[PDB]
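Trainee: One structure coming up, written as structure tokens, with questions to follow.
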Amino acid sequence: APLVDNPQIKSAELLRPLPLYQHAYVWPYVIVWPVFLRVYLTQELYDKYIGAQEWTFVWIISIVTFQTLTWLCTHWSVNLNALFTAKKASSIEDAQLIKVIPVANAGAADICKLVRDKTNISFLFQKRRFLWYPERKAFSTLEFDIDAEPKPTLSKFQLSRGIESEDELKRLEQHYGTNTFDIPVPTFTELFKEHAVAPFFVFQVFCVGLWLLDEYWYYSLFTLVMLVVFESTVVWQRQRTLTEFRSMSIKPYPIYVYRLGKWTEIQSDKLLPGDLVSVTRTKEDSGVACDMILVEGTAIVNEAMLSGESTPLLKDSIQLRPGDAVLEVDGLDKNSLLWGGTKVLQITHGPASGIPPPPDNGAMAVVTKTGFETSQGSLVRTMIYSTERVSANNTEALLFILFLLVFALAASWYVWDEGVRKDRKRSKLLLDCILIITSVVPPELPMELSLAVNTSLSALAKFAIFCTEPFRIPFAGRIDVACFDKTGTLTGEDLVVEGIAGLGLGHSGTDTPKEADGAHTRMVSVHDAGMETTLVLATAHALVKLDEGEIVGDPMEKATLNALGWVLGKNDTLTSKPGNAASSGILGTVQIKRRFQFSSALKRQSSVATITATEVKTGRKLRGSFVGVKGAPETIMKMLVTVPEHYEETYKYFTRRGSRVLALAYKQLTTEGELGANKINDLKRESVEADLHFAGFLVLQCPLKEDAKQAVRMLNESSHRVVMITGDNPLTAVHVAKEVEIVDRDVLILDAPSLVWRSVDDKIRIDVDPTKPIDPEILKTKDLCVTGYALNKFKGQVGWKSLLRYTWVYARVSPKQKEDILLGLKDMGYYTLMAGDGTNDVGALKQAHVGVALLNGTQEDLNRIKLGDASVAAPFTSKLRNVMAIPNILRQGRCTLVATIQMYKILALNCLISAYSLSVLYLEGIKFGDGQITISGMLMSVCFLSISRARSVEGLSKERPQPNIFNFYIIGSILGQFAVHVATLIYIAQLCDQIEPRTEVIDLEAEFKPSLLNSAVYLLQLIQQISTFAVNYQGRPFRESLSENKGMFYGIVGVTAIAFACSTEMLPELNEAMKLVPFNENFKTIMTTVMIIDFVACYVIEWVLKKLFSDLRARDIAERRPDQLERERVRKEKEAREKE
Ligand SMILES: Nc1ncnc2c1ncn2[C@@H]1O[C@H](COP(=O)(O)OP(=O)(O)O)[C@@H](O)[C@H]1O
Ligand code: ALF
Ligand SMILES: [Mg+2]
Ligand SMILES: [Mg+2]
């Protein structure tokens, strides 16, 4: 039943083409036209319904407008395109076009074209290839070799020899296509012809024609030029954005491919699935071209494109895997796949197919996916084409236009009534009414939200912050909860190894110092540690040495290797042959054989090695196989053969001061000799990580960043709420949150000893039940810290809705529970922001409304050298290590919202003034001069150019701007200022009528003549437009003030001075340039007083309404107790006093 089987495609229909003479805009008009021609050619029929020669133009324009509208309706809407041109088709045997309409907020619908090849029916939608499958009777996406419903056996990949037939090569090239990113940038002509059909560009040309019909030959040229240059700059912006998106692809580089039994040199854009390609060390500005699965050798890679981490990963082959009867899974073999867009740092070798090695001596891999179907390719394709636009709904600006159109319709109706009461000419009156109707619609009101976003993006890219989805910028103006991370986001990257603690557990030491609770205080340095501790520190690590001579890995592993004193070798060997205090004994060698890599959900890392070490002071020679494990103390505790007495108290005491505690464990498989080549590959993770003994805790110290406290204090006192979602110990997280002032009261930790409330000093213990609700006093008078175990056990009970509102510090959460917390906070109505820098938060970054991936990198790297280096893990990306980048996003979104509101108000108040001035001028039959209205338009354009310059303040304020148009701040201010302007204009028109009487005779001559009413109305409307620009400049509490910047203040002062000099008749040449009449002194004085009163009333109304209704209140989760407000006020007063 469904034609297209895809979650992101709603409807699809089959259509057939039709000839040109059968379209919906040919036959009805070709049957209507001869009827009108016969009516016009008939003399007796010409008198009735055609009238004079004037209404003939009206009928011709009407029929031509209907024909042009019918033609353009096929371009405006896809449904009308299918209805008019195309015709429904019965079966797939007779079909050439397909109408495809996607799901909401997933791009634009279209009419794709079927293609047939030899049987094989396919088409393209949003640069994605869909194929017709006759068995399922539906269209679906391409099916690859690794995505078969029965998972392929590993003998298919191990014994593969590449494509060996040229016919199969041609078939694969036809089926899948080349390995290129199809992102074409078109020229100016194509973009202009695509943009000159839009419904708001035809309307302005129609308005230009309407003005040209009324003998205005200087205004129409000016507005046509302005419209042309605006469309040109929009086209240039779109082309620049498309070029920036195009700059993400990888330039092709030569590679070696096994084809037809020989190693050939093929460019990187001519790769097909099933190829056997030799990989080597990649260069700068190049990555892996396509997704591959390794079959021989080992690689050391850096997957910075798909995750924010930059620590290298050790990919191994599937050569040793017994895949004769074992089906391939992606869970166990996740360490053998090379993704496209990553960099291969190192190739090491440490076959079943029976092929010679490649000439470049690289590893061998088998291609799996090519083109847009890779992970990076799919992410880029979704980013570019199928994404929500900046103004998706457009159901509020198009109603605001109708709101103005109601006023214009009322004015036009009154004009028509008062014109037909006095028996005026019907054609001129109809043209005046149409002009009044069409002179109220702002041209770019649907815009001015998609125009400020580009300026915000440029300002952000100044700060090295890049955004790939620009429709999330307004969301940053409404953030209510701002989540964070502990290690790598709020704490520094370098670590100092304090030492090894708890070596005396198990009654190893008798006179060791001990506190009241039983914790062992004494801490021993790494040099003076035991032999087993030294070997478990050396063995359980993932540090590799490049051929240049550098060491790369996790910072804590580099730190513990530097503190240990041992030296890394080329073939995964560590030795301490020199005898000195730097080696501190324990001399020997350690050679690693197999590694079980660290996983965030497992919280441990194990390693198997062959050791041969001796202790100098007490002998105790050791040799043979050995296995070392390091991880979180809670995880290691469950795997010990016997837990020592004071384990929990010791690690709790050592983590209470803010340190980081890692637990080590060791086991000896064989006492003498190696385990064996076959036995090593037969080991499993579950079997090797059991029955371990104990080694001392490694104690690290993570230093806080210099910008963490300032950024968090900026976020906290600006109607935001900041929470921490970490995976470290609850006590370390509580200490860090207390240091950065996230929590300021006593803290209670909800954790199993099941699910008890505990104090940080462990003097309060309260039992709670998962089913019963939380105690109200605990919520009222305590600060909460909810672990991962309690959050897991509170999955479906009633407590879940009350924890997420009263918890600021979540600790010990797996990467799935982070996205669980984010989804739970998003489902209650709040807006969330997440800032992470790791693979833990990748799931969480793609669920929050705003996602920042802090790519920790130095400024010197940028000085040595821009969407190429940016990743695709989060929509936002900052390339520096400063926490202050987060406020710089929430300030830019706020400025975007403020500028949008001010532009809406300015446009809506500038259109109505012109409409109701033309309405007043058309009651007496006189009209504006050509030069006067051209000068007014040029001055308004200059004012718009001058007011567009605006900067931002250096701090966040407590006032949140309104996010939408229909509030009680925009509507009320617009109506009040409109009423004031209307009252002043009506009063001055009545006074002009009183001073100079009207002859009530409108002659046939329509040549413009100078008059008092025309000059007064023109001067008043100019001054009113300038006052509207000067008053509604929304830049007092969020941007720079009006008088602080000369760029617009000088222009406003100059325009007002010129207008008042024209009013005061100081320059008669300027008065005669715009055809102004001489004034008497009393009229000049009364007009000046009227203008001053108008400006003062508008300013007072705007100020009152801004001070009353502009502030959108903070949510209930962001409200602060009076104690914190008092502390903030006291600290701010002290800072102000100590400033000078
Ligand atoms: N390279 C590593 N080797 C062993 N254990 C680690 C390593 N990295 C982190 N751990 C431990 O895993 C636990 C969970 O860490 P995780 O939540 O994955 O990241 P983070 O420590 O940034 O929150 C931590 O308590 C830490 O002690
Ligand atoms: F320190 Al983390 F997720 F990076 F808890
Ligand atoms: Mg992190
Ligand atoms: Mg990490």
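Identifiers in the structure tokens: chain A, B, ... in order shown; residue index from 1 per chain; ligand index from 1 in order shown.
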Return as a PyMOL selection string the full set of residues in stretch 550-686 of chain A whose backbone-based DSSP assignment is helix (DSSP H, G or I).

Mentor: chain A and resi 555-564+633-637+648-656+677-681+685-686

Trainee: With C-alpha atoms retained, could you export that selection as an mmCIF file, in the first residue's frame?

Mentor:
data_model
loop_
_atom_site.group_PDB
_atom_site.id
_atom_site.type_symbol
_atom_site.label_atom_id
_atom_site.label_comp_id
_atom_site.auth_asym_id
_atom_site.auth_seq_id
_atom_site.Cartn_x
_atom_site.Cartn_y
_atom_site.Cartn_z
ATOM 1 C CA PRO A 555 45.909 12.927 29.527
ATOM 2 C CA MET A 556 45.713 10.803 32.688
ATOM 3 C CA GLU A 557 47.618 7.951 31.019
ATOM 4 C CA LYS A 558 50.315 10.348 29.808
ATOM 5 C CA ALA A 559 50.495 11.828 33.314
ATOM 6 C CA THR A 560 50.846 8.440 35.008
ATOM 7 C CA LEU A 561 53.469 7.370 32.459
ATOM 8 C CA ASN A 562 55.436 10.565 33.120
ATOM 9 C CA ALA A 563 55.173 10.031 36.882
ATOM 10 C CA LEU A 564 55.977 6.309 36.615
ATOM 11 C CA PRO A 633 36.054 1.913 42.607
ATOM 12 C CA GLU A 634 32.393 0.843 42.743
ATOM 13 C CA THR A 635 32.775 -1.320 39.628
ATOM 14 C CA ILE A 636 36.076 -2.839 40.796
ATOM 15 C CA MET A 637 34.594 -3.599 44.239
ATOM 16 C CA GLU A 648 34.373 2.400 51.024
ATOM 17 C CA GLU A 649 35.486 4.725 53.830
ATOM 18 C CA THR A 650 38.964 5.122 52.314
ATOM 19 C CA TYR A 651 37.874 6.010 48.793
ATOM 20 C CA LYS A 652 35.034 8.196 50.107
ATOM 21 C CA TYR A 653 37.507 10.142 52.253
ATOM 22 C CA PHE A 654 39.945 10.521 49.367
ATOM 23 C CA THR A 655 37.177 11.669 47.001
ATOM 24 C CA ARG A 656 35.551 14.035 49.527
ATOM 25 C CA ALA A 677 49.300 -17.747 21.139
ATOM 26 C CA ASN A 678 46.030 -19.676 20.820
ATOM 27 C CA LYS A 679 44.977 -19.212 24.453
ATOM 28 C CA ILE A 680 45.278 -15.409 24.318
ATOM 29 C CA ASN A 681 42.797 -15.161 21.433
ATOM 30 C CA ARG A 685 36.003 -10.137 28.823
ATOM 31 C CA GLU A 686 33.703 -11.852 31.330
#

Trainee: Quick one: residues within 7 Å of ligand 3, with only C-alpha atoms and all ligand atoms, as a compact mmCIF listing (two decimals) with C-alpha atoms, in the first residue's frame?

Mentor:
# COMPACT_ATOMS: atom_id res chain seq x y z
CA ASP A 485 29.72 18.44 32.07
CA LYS A 486 32.50 18.06 34.61
CA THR A 487 35.73 16.71 33.08
CA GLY A 488 36.85 18.56 29.96
CA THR A 489 34.15 21.25 30.16
CA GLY A 836 29.82 18.55 26.08
CA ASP A 837 33.22 17.55 24.75
CA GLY A 838 33.16 13.77 24.66
CA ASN A 840 29.51 10.30 26.40
CA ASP A 841 27.40 13.34 25.50

Trainee: Suppose you want the space between atom CA of residue A:49 and atom CA of residue A:438; what is it in Å?

Mentor: 26.1 Å

Trainee: Please list as a PDB file with N, CA, C and O atoms, in the first residue's frame every residue within 10 Å of residue A:113, counting only C-alpha atoms and excluding residues in the same chain fewer than 6 positions away.

Mentor:
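Contents of the output file out_18.pdb:
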ATOM      1  N   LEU A  15       2.462  10.073 -11.673  1.00  0.00           N
ATOM      2  CA  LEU A  15       1.888  11.031 -12.602  1.00  0.00           C
ATOM      3  C   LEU A  15       2.512  10.849 -13.980  1.00  0.00           C
ATOM      4  O   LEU A  15       3.623  10.329 -14.126  1.00  0.00           O
ATOM      5  N   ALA A  95       4.162   5.258 -16.423  1.00  0.00           N
ATOM      6  CA  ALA A  95       4.429   6.326 -15.474  1.00  0.00           C
ATOM      7  C   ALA A  95       5.805   6.907 -15.755  1.00  0.00           C
ATOM      8  O   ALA A  95       6.771   6.174 -15.979  1.00  0.00           O
ATOM      9  N   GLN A  96       5.883   8.236 -15.746  1.00  0.00           N
ATOM     10  CA  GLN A  96       7.152   8.916 -15.975  1.00  0.00           C
ATOM     11  C   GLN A  96       7.506   9.939 -14.909  1.00  0.00           C
ATOM     12  O   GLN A  96       8.676  10.322 -14.830  1.00  0.00           O
ATOM     13  N   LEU A  97       6.560  10.391 -14.091  1.00  0.00           N
ATOM     14  CA  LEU A  97       6.835  11.373 -13.054  1.00  0.00           C
ATOM     15  C   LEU A  97       6.293  10.851 -11.733  1.00  0.00           C
ATOM     16  O   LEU A  97       5.345  10.064 -11.708  1.00  0.00           O
ATOM     17  N   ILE A  98       6.896  11.287 -10.630  1.00  0.00           N
ATOM     18  CA  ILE A  98       6.415  10.927  -9.303  1.00  0.00           C
ATOM     19  C   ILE A  98       6.385  12.170  -8.424  1.00  0.00           C
ATOM     20  O   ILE A  98       7.383  12.886  -8.301  1.00  0.00           O
ATOM     21  N   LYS A  99       5.234  12.431  -7.816  1.00  0.00           N
ATOM     22  CA  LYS A  99       5.080  13.531  -6.875  1.00  0.00           C
ATOM     23  C   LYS A  99       5.418  13.014  -5.486  1.00  0.00           C
ATOM     24  O   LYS A  99       4.774  12.077  -5.001  1.00  0.00           O
ATOM     25  N   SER A 122      14.280   3.645 -10.897  1.00  0.00           N
ATOM     26  CA  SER A 122      14.820   4.415  -9.786  1.00  0.00           C
ATOM     27  C   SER A 122      14.555   5.897 -10.003  1.00  0.00           C
ATOM     28  O   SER A 122      14.190   6.329 -11.097  1.00  0.00           O
ATOM     29  N   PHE A 123      14.728   6.670  -8.932  1.00  0.00           N
ATOM     30  CA  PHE A 123      14.671   8.123  -9.032  1.00  0.00           C
ATOM     31  C   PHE A 123      15.491   8.741  -7.909  1.00  0.00           C
ATOM     32  O   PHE A 123      16.039   8.041  -7.054  1.00  0.00           O
ATOM     33  N   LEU A 124      15.587  10.068  -7.933  1.00  0.00           N
ATOM     34  CA  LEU A 124      16.368  10.824  -6.963  1.00  0.00           C
ATOM     35  C   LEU A 124      15.484  11.838  -6.253  1.00  0.00           C
ATOM     36  O   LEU A 124      14.762  12.602  -6.901  1.00  0.00           O
ATOM     37  N   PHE A 125      15.550  11.843  -4.924  1.00  0.00           N
ATOM     38  CA  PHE A 125      14.834  12.799  -4.089  1.00  0.00           C
ATOM     39  C   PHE A 125      15.795  13.327  -3.037  1.00  0.00           C
ATOM     40  O   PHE A 125      16.329  12.546  -2.242  1.00  0.00           O
TER      41      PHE A 125
END

Trainee: Which residues are near stretch 760-776 of chain A? Cut-off 8 Å, only C-alpha atoms, ignore same chain within fewer than 6 positions. Put them as a list in words.

Mentor: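 Contacts, in chain order: residues 656, 731, 747, 748, 749, 754, 793, 794, 797, 798, 799 and 802 of chain A.
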
Trainee: Keeping N, CA, C and O atoms for every residue in the selection just given, could you write it to a file as a compact mmCIF listing (two decimals), in the first residue's frame?

Mentor:
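As written to disk, part33.txt reads:
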# COMPACT_ATOMS: atom_id res chain seq x y z
N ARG A 656 36.30 12.94 48.92
CA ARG A 656 35.55 14.03 49.53
C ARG A 656 36.25 15.38 49.39
O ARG A 656 35.58 16.42 49.41
N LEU A 731 30.56 12.69 45.33
CA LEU A 731 31.22 13.61 46.24
C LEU A 731 32.11 14.59 45.49
O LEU A 731 32.14 15.78 45.82
N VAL A 747 23.85 19.72 51.01
CA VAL A 747 23.60 18.80 49.91
C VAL A 747 23.28 17.42 50.46
O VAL A 747 23.93 16.96 51.40
N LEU A 748 22.28 16.77 49.87
CA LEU A 748 21.90 15.41 50.20
C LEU A 748 22.05 14.55 48.95
O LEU A 748 21.61 14.94 47.86
N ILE A 749 22.65 13.37 49.11
CA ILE A 749 22.93 12.46 48.00
C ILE A 749 22.00 11.26 48.12
O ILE A 749 21.95 10.62 49.17
N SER A 754 18.59 0.00 50.39
CA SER A 754 18.81 0.58 49.07
C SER A 754 18.16 1.95 48.96
O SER A 754 17.10 2.19 49.55
N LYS A 793 16.03 3.38 39.21
CA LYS A 793 14.94 2.77 39.97
C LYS A 793 13.70 3.64 40.05
O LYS A 793 12.65 3.15 40.47
N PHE A 794 13.79 4.92 39.68
CA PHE A 794 12.66 5.84 39.68
C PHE A 794 12.09 5.99 38.28
O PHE A 794 11.65 7.08 37.88
N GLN A 797 7.74 5.46 38.49
CA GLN A 797 6.97 5.85 39.66
C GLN A 797 6.62 7.34 39.61
O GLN A 797 6.92 8.04 38.64
N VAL A 798 5.97 7.81 40.67
CA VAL A 798 5.48 9.19 40.69
C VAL A 798 6.58 10.16 41.07
O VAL A 798 6.42 11.38 40.93
N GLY A 799 7.72 9.66 41.56
CA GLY A 799 8.78 10.55 41.98
C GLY A 799 9.51 11.20 40.82
O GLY A 799 10.11 12.27 40.96
N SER A 802 8.97 14.80 40.04
CA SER A 802 9.37 15.72 41.09
C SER A 802 10.87 15.78 41.32
O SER A 802 11.36 16.76 41.89

Trainee: Show me, as a short mmCIF file (atom, residue, chain, number, x, y, z; two decimals) with N, CA, C and O atoms, in the first residue's frame, the residues that have an atom within 9 Å of residue A:974 when counting only C-alpha atoms, minus same-chain residues fewer than 3 positions from it.

Mentor:
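selection.cif was written with the following content:
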data_model
loop_
_atom_site.label_atom_id
_atom_site.label_comp_id
_atom_site.auth_asym_id
_atom_site.auth_seq_id
_atom_site.Cartn_x
_atom_site.Cartn_y
_atom_site.Cartn_z
N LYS A 905 8.24 46.26 14.55
CA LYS A 905 7.55 47.48 14.97
C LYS A 905 7.80 48.63 14.00
O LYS A 905 6.86 49.35 13.64
N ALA A 908 5.87 48.02 10.64
CA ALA A 908 4.42 48.13 10.79
C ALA A 908 3.98 49.55 11.09
O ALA A 908 2.85 49.92 10.77
N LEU A 909 4.84 50.36 11.71
CA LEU A 909 4.48 51.75 11.94
C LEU A 909 4.84 52.66 10.77
O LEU A 909 4.26 53.75 10.66
N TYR A 969 2.83 43.86 24.10
CA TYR A 969 3.85 44.89 23.96
C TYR A 969 3.95 45.43 22.55
O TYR A 969 4.09 46.64 22.36
N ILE A 970 3.90 44.56 21.54
CA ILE A 970 3.95 45.02 20.15
C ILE A 970 2.62 45.62 19.74
O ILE A 970 2.56 46.73 19.19
N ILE A 971 1.52 44.90 20.00
CA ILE A 971 0.20 45.33 19.53
C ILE A 971 -0.21 46.63 20.20
O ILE A 971 -0.68 47.57 19.53
N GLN A 977 0.74 54.35 19.09
CA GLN A 977 1.46 55.28 18.22
C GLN A 977 0.67 55.58 16.95
O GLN A 977 0.67 56.72 16.47
N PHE A 978 -0.04 54.58 16.42
CA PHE A 978 -0.90 54.80 15.27
C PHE A 978 -2.03 55.78 15.60
O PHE A 978 -2.35 56.66 14.79
N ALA A 979 -2.63 55.64 16.78
CA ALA A 979 -3.69 56.56 17.18
C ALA A 979 -3.17 57.98 17.34
O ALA A 979 -3.84 58.94 16.93
N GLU A 1102 5.47 54.69 24.36
CA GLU A 1102 6.41 53.59 24.15
C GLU A 1102 7.18 53.26 25.42
O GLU A 1102 7.36 52.09 25.76
#

Trainee: Using only C-alpha atoms and all ligand atoms, find each residue with an atom at most 8 Å away from ligand 1 and format the answer as a PyMOL selection string.

Mentor: chain A and resi 485-488+540-542+554+556-557+598-605+629-633+660-663+726-729+812-815+838+840

Trainee: Give me a file of those residues, with N, CA and C atoms, as a CSV table (one decimal), in the first residue's frame.

Mentor:
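That gives us out-v7.csv:
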chain,number,residue,atom,x,y,z
A,485,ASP,N,28.9,19.6,31.9
A,485,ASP,CA,29.7,18.4,32.1
A,485,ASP,C,30.9,18.8,33.0
A,486,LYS,N,31.5,17.8,33.6
A,486,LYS,CA,32.5,18.1,34.6
A,486,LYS,C,33.9,18.0,34.1
A,487,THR,N,34.3,16.9,33.5
A,487,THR,CA,35.7,16.7,33.1
A,487,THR,C,35.8,17.1,31.6
A,488,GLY,N,36.7,18.1,31.3
A,488,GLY,CA,36.8,18.6,30.0
A,488,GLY,C,36.0,19.7,29.6
A,540,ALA,N,48.0,-1.6,32.2
A,540,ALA,CA,46.6,-1.2,31.8
A,540,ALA,C,46.7,0.2,31.3
A,541,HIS,N,47.1,0.4,30.1
A,541,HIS,CA,47.1,1.7,29.4
A,541,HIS,C,47.0,1.5,27.9
A,542,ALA,N,46.6,2.6,27.3
A,542,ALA,CA,46.4,2.7,25.8
A,542,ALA,C,47.2,3.8,25.1
A,554,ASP,N,45.2,9.4,26.3
A,554,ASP,CA,44.4,10.2,27.3
A,554,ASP,C,45.4,10.9,28.2
A,556,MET,N,45.4,11.5,31.4
A,556,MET,CA,45.7,10.8,32.7
A,556,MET,C,46.7,9.7,32.5
A,557,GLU,N,46.7,9.0,31.3
A,557,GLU,CA,47.6,8.0,31.0
A,557,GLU,C,49.0,8.5,30.7
A,598,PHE,N,38.5,0.7,26.9
A,598,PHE,CA,37.6,1.3,27.8
A,598,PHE,C,36.2,1.7,27.2
A,599,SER,N,35.2,1.3,27.9
A,599,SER,CA,33.8,1.7,27.4
A,599,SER,C,33.1,2.5,28.5
A,600,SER,N,32.4,3.5,28.2
A,600,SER,CA,31.8,4.4,29.1
A,600,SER,C,30.7,3.7,30.0
A,601,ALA,N,30.0,2.7,29.4
A,601,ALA,CA,29.0,2.0,30.2
A,601,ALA,C,29.7,1.0,31.1
A,602,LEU,N,30.8,0.4,30.7
A,602,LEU,CA,31.5,-0.6,31.6
A,602,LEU,C,32.3,0.0,32.7
A,603,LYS,N,32.8,1.2,32.5
A,603,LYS,CA,33.6,2.0,33.4
A,603,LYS,C,34.9,1.2,33.9
A,604,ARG,N,35.5,0.4,33.0
A,604,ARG,CA,36.7,-0.3,33.3
A,604,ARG,C,37.5,-0.5,32.1
A,605,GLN,N,38.8,-0.9,32.3
A,605,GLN,CA,39.7,-1.2,31.2
A,605,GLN,C,40.7,-2.2,31.7
A,629,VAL,N,43.7,-4.5,35.6
A,629,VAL,CA,42.4,-3.8,35.4
A,629,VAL,C,42.4,-2.5,36.1
A,630,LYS,N,41.8,-1.5,35.5
A,630,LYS,CA,41.6,-0.2,36.2
A,630,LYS,C,40.2,0.3,35.9
A,631,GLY,N,39.6,1.0,36.9
A,631,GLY,CA,38.3,1.5,36.7
A,631,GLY,C,37.8,2.3,37.9
A,632,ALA,N,36.5,2.5,37.9
A,632,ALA,CA,35.8,3.1,39.0
A,632,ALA,C,35.8,2.2,40.2
A,633,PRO,N,36.0,2.8,41.4
A,633,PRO,CA,36.1,1.9,42.6
A,633,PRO,C,34.8,1.1,42.9
A,660,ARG,N,40.2,12.8,42.4
A,660,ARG,CA,39.7,11.8,41.6
A,660,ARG,C,40.4,10.4,41.9
A,661,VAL,N,39.6,9.4,42.1
A,661,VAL,CA,40.1,8.1,42.6
A,661,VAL,C,39.8,7.1,41.6
A,662,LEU,N,40.9,6.3,41.2
A,662,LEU,CA,40.8,5.2,40.3
A,662,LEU,C,41.2,4.0,41.0
A,663,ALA,N,40.5,2.8,40.8
A,663,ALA,CA,40.8,1.6,41.5
A,663,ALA,C,41.6,0.7,40.5
A,726,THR,N,27.3,14.7,35.2
A,726,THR,CA,28.6,14.1,35.1
A,726,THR,C,28.5,12.6,35.4
A,727,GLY,N,29.6,11.9,35.1
A,727,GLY,CA,29.7,10.5,35.3
A,727,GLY,C,30.7,10.1,36.4
A,728,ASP,N,31.2,11.1,37.2
A,728,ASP,CA,32.2,10.9,38.2
A,728,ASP,C,31.5,10.6,39.5
A,729,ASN,N,32.2,10.6,40.6
A,729,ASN,CA,31.7,10.3,41.9
A,729,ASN,C,30.7,11.4,42.4
A,812,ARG,N,27.3,9.9,38.2
A,812,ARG,CA,27.4,8.5,37.9
A,812,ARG,C,26.3,8.0,37.0
A,813,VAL,N,26.1,8.7,35.9
A,813,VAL,CA,25.1,8.4,34.9
A,813,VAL,C,25.8,7.8,33.6
A,814,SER,N,25.2,6.8,33.1
A,814,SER,CA,25.7,6.2,31.8
A,814,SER,C,25.2,7.1,30.7
A,815,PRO,N,25.9,7.0,29.5
A,815,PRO,CA,25.5,7.9,28.4
A,815,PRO,C,24.1,7.8,27.9
A,838,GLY,N,32.7,15.2,24.7
A,838,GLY,CA,33.2,13.8,24.7
A,838,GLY,C,32.2,12.9,23.9
A,840,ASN,N,30.6,10.6,25.5
A,840,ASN,CA,29.5,10.3,26.4
A,840,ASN,C,28.3,11.1,26.0

Trainee: Restricting the calculation to only C-alpha atoms, which member of A:669, A:913, A:884, A:476 is positioned closest to residue A:705?

Mentor: A:884

Trainee: Write out as a PyMOL selection string which residues come within 12 Å of residue A:232 when counting only C-alpha atoms, dropping same-chain ones fewer than 6 positions away.

Mentor: chain A and resi 188-189+191-193+195-196+225-226+238-239
